[PDB]
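Asker: When you get a sec, could you give me coordinates for this:
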Amino acid sequence: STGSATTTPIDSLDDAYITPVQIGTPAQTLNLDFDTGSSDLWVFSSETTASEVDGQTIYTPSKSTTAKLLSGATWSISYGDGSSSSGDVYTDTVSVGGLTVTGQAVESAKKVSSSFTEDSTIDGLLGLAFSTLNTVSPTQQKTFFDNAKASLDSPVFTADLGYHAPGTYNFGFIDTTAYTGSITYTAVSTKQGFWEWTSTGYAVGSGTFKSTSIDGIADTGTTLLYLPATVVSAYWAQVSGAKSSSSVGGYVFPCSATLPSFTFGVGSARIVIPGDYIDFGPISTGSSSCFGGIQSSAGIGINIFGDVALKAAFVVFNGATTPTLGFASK
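Answerer: Numbers count the residues shown, from 1 in each chain. Shown next is the structure:
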């Protein structure tokens, strides 16, 4: 089997991407944030504290003839950005782009933190990291991909995120028309539950490539590119007037600037992030100070190849017995 679904930016900045997901019988379609940095499929629901729902579409398990309470199971998750959610668990039928999993754990939110409430466009998350990170207790549950894998034509999914435009998540096949050149594959460590890999270095603009190992995670659920302070300083030094602002929470730059590109290495291959992808717009409405899309990972504890980086590539998440990651230009 295969599946193919379009993923759409939630706003003009590509702050996140949503993908329609069918849950239950008859189908209830929710727009979920596909997150290769976590491993829970959780949704706003009829059980979510009413004051914490503000415009989201909810899953109502009592209206699904295939929903079953997973007795005694609870979940609770905290994300790198400080947001969180928790609740109980159903199993139900879940389909993405024509690919169907029966008996998928659907984690129903009883509580969500303010950031989730305040974002009316995201109805929940669909985790695509390794199932070892799944938070369901006392019986850990599998991700949608893990459940689908054996049925897929090939045990892979791909992320093709757009810049200010829709893109695609495919399951079970590689669309050879969706990228240019060849796909370069690179080793993955699953020791921390992430799609963790090592970039071979970077360049800023038309500058020379610096060969240096940068360990980090491919994370579709993180907006920005978080790299070591040395790398980030080298980038922003090429932008007149750019500075790190403790009050704003990172590097800012004059909105009048033209940003240089940023290149990262994948083995001997190179992925080029255009300068415009690094612009996250005014820090507050009407400001001429703009927020940068490349930020320091110092104090996160890990480097994160988030959407800023991934949207410059066609990315293969290869879930073979020994997982690997593939990157192609597009």
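
Asker: I'd say residue 73 and residue 135 touch.
Answerer: No. Residue 73 sits out of contact with residue 135 when judged by Cβ atoms under 8 Å, with a separation of 10.3 Å. All C-beta atoms are positioned from the backbone trio N, CA, C, and that covers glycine.

Asker: could I have stretch 192-209 exported to CSV, CA atoms only?
Answerer: Taking C-alpha atoms only, stretch 192-209 is exported to CSV below (Å, rounded to 0.1, in the frame of the first residue of the first chain):
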residue,chain,number,x,y,z
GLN,A,192,17.5,9.1,21.5
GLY,A,193,14.3,8.1,19.6
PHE,A,194,14.9,10.7,16.8
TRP,A,195,15.9,10.8,13.2
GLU,A,196,19.3,11.8,14.3
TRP,A,197,22.1,12.2,11.8
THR,A,198,25.4,14.1,11.2
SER,A,199,25.7,16.8,8.7
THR,A,200,29.2,17.2,7.1
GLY,A,201,29.4,21.0,7.3
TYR,A,202,28.1,24.3,6.1
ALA,A,203,28.7,27.4,4.0
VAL,A,204,27.3,30.9,4.3
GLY,A,205,26.2,32.5,1.0
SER,A,206,28.9,32.1,-1.7
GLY,A,207,31.5,31.4,1.0
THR,A,208,33.8,28.4,1.2
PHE,A,209,32.4,25.2,2.7
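
Asker: Sort out which residues of that stretch are buried, please.
Answerer: Neighbour counts over stretch 192-209 (16 or more other Cβ atoms under 10 Å) mark 193-200, 202-204 as buried.

Asker: Among those residues, which ones are in strands?
Answerer: Secondary structure assignment by DSSP state E places 196-200, 202-204 of the buried residues of stretch 192-209 in strands.

Asker: got a list of what residue 127 touches?
Answerer: By Cβ atoms under 8 Å, 6 or more residues apart in numbering, the contact set of residue 127 is 35, 37-41, 133-134, 143-144.

Asker: I meant residue 91, not that one.
Answerer: Contacts of residue 91 were listed using Cβ under 8 Å, 6+ apart, and they are 67-68, 70, 103-106.

Asker: And for the closest residue to residue 175 other than its chain neighbours, the neighbour number?
Answerer: For residue 175, ignoring the flanking residues on the chain, the nearest one in space by Cβ to Cβ, 6 or more residues apart in numbering is residue 158 at 7.1 Å. Applying other Cβ atoms under 10 Å, we find 23 residues neighbouring residue 158.

Asker: Do I have it right that residue 158 meets residue 319?
Answerer: No. Contact criterion Cβ under 8 Å: residue 158 and residue 319 do not qualify, at 11.2 Å.

Asker: just to revisit the earlier point, and the residue nearest to residue 175, how far is that from residue 4?
Answerer: According to Cβ to Cβ, to the nearest Å, residue 158 and residue 4 sit 9 Å apart.

Asker: now swap in residue 230 and tell me
Answerer: Applying Cβ to Cβ, the value for residue 230 to residue 4 is 40 Å.

Asker: So these two - more neighbours on which side?
Answerer: residue 4 (16 against 11).

Asker: what sits against that one?
Answerer: Residue 4 is in contact with 97-98, 168-171, counting by Cβ under 8 Å, 6+ apart.

Asker: repeat that with 6 Å
Answerer: The contact partners of residue 4, by Cβ atoms under 6 Å, 6 or more residues apart in numbering, come to 97, 170.

Asker: that's a strand at it, yeah?
Answerer: Yes. Under DSSP: H, G, I helix; E, B strand; the rest coil, residue 4 sits within a strand.

Asker: now the helices for the stretch 1-150 of the chain?
Answerer: Listed from the start of the chain, the stretch 1-150 of the chain has helices (DSSP state H, counting those that start in this stretch) covering 114-117, 144-148.

Asker: can you put those in CSV and add distance to residue 164?
Answerer: Shown next, in CSV, are the helices of the stretch 1-150 of the chain (distance: least, Cβ to Cβ, whole Å):
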stretch, distance to residue 164
helix 114-117, 23
helix 144-148, 27
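
Asker: any idea whether the residue nearest to residue 175 is helix, strand or coil?
Answerer: strand.

Asker: For it, give the beta-bridge partners.
Answerer: According to DSSP bridges, the residues that bridge with residue 158 are residue 170, residue 316.

Asker: now residue 273
Answerer: Beta-bridge partners for residue 273, by DSSP bridges, are residue 262.

Asker: ok, it to residue 135 distance?
Answerer: Distance, residue 273 to residue 135, by Cβ to Cβ: 32 Å.

Asker: got it, and residue 119?
Answerer: In this view, residue 119 and residue 135 are 21 Å apart by Cβ to Cβ.

Asker: dump the residue contacts of residue 261.
Answerer: Going by Cβ under 6 Å, 6+ apart, residue 261 touches 205, 272-275.

Asker: OK, contacts around residue 121?
Answerer: residue 10 are the contacts of residue 121 under Cβ under 6 Å, 6+ apart.

Asker: That should have said residue 152, apologies.
Answerer: 1, 172.

Asker: same thing but 7 Å
Answerer: 1-2, 171-172 (Cβ atoms under 7 Å, 6 or more residues apart in numbering).

Asker: and if you look at residue 140?
Answerer: Neighbouring residues of residue 140 by Cβ under 7 Å, 6+ apart: 131, 134.
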